[PDB]
Amino acid sequence: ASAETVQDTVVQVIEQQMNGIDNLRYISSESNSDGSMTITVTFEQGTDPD
Amino acid sequence: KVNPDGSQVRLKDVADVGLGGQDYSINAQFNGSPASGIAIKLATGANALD
Amino acid sequence: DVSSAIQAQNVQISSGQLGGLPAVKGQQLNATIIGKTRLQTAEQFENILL
C-alpha cells in the first residue's frame with residue numbers, strides 16, 4: 001500500500017477516535033511507501049503508562 | 001449495468017448524488033438563527049477555569 | 001446447503017424508520033418499523049425450506 005492508502009484507509013480512521021483520553025498532550029503519525037504506519041499518542045508527565 | 005443497446009447506465013439515472021449529512025437528527029439554533037455547536041464535558045480531574 | 005439456508009431464513013433484518021430524516025415537508029408522523037427478529041422454536045427451524 002501507498003503512504004496515501006495507509007494514511008486514508010488506516011491512519012486517519014484511528015486518529016478520528018483518539019479523543020476522550022486523559023492527560024493527552026499531543027498525537028502524531030507517519031504513513032510510508034513500505035506500507036507501515038505509526039500513530040504516537042504522547043502524554044503529560046506523571047501519567048500512568050498502564 | 002449494460003442493456004442490449006446504447007452506451008451505458010450510471011448512478012445519476014437512479015438517484016441524487018450530492019454532499020448531505022451522516023445524521024439529520026440533532027438540529028441547532030443560537031437565538032433563532034440556524035447554527036451548530038459542540039457541547040464539551042469536562043475531563044475527570046481537570047480545572048474548569050483552566 | 002443447510003447452513004446457507006439457516007443463515008438465509010434466520011437473520012434479524014434492520015428495517016428503518018417511517019418518516020426518518022430528511023423527510024417531505026409536513027408529514028408530522030414518524031415511527032420505527034420493527035421487522036421480524038430471528039427464529040425461536042424448534043418448529044420454526046424444522047421449517048426453513050431448502
# chains A, B, ... in the order shown; residues from 1 in each chain; ligands from 1
$ closest_atom_pairs --of "chain B" --to "chain A" --cutoff "10 Å" --atoms "only C-alpha atoms" --output "Markdown table"
| residue | atom | partner | partner_atom | distance |
| --- | --- | --- | --- | --- |
| B:41 | CA | A:20 | CA | 9.7 |
| B:42 | CA | A:20 | CA | 9.9 |
| B:43 | CA | A:22 | CA | 7.1 |
| B:44 | CA | A:22 | CA | 7.9 |
| B:45 | CA | A:22 | CA | 9.0 |
| B:46 | CA | A:23 | CA | 9.0 |
$ write_last_selection --atoms "C-alpha atoms" --output "compact mmCIF listing (two decimals), in the first residue's frame"
# COMPACT_ATOMS: atom_id res chain seq x y z
CA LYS B 41 -17.85 17.77 29.01
CA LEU B 42 -15.03 18.31 31.47
CA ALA B 43 -12.48 15.56 31.95
CA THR B 44 -12.23 13.84 35.33
CA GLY B 45 -9.63 15.78 37.34
CA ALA B 46 -9.30 18.86 35.09
$ closest_atom_pairs --of "chain B" --to "region 15-37 of chain C" --cutoff "10 Å" --atoms "only C-alpha atoms" --output "Markdown table"
| residue | atom | partner | partner_atom | distance |
| --- | --- | --- | --- | --- |
| B:20 | CA | C:22 | CA | 9.9 |
| B:21 | CA | C:22 | CA | 9.7 |
| B:23 | CA | C:21 | CA | 8.0 |
| B:24 | CA | C:21 | CA | 5.4 |
| B:25 | CA | C:21 | CA | 6.6 |
$ select_by_dssp --residues "chain A" --states "helix (DSSP H, G or I)" --output "list in words"
residues 3, 4, 5, 6, 7, 8, 9, 10, 11, 12, 13, 14 and 15 of chain A
$ atom_distance --atom1 "CA of residue 8 (chain C)" --atom2 "CA of residue 39 (chain C)"
11.4 Å
$ select_by_dssp --residues "chain C" --states "strand (DSSP E)" --output "PyMOL selection string"
chain C and resi 17-18+31-32
$ residues_around --residues "residue 25 (chain A)" --least-positions-apart "3" --cutoff "10 Å" --atoms "only C-alpha atoms" --output "ChimeraX atom specification"
/A:21-22,41-45
$ atom_distance --atom1 "CA of residue 4 (chain C)" --atom2 "CA of residue 42 (chain C)"
17.8 Å
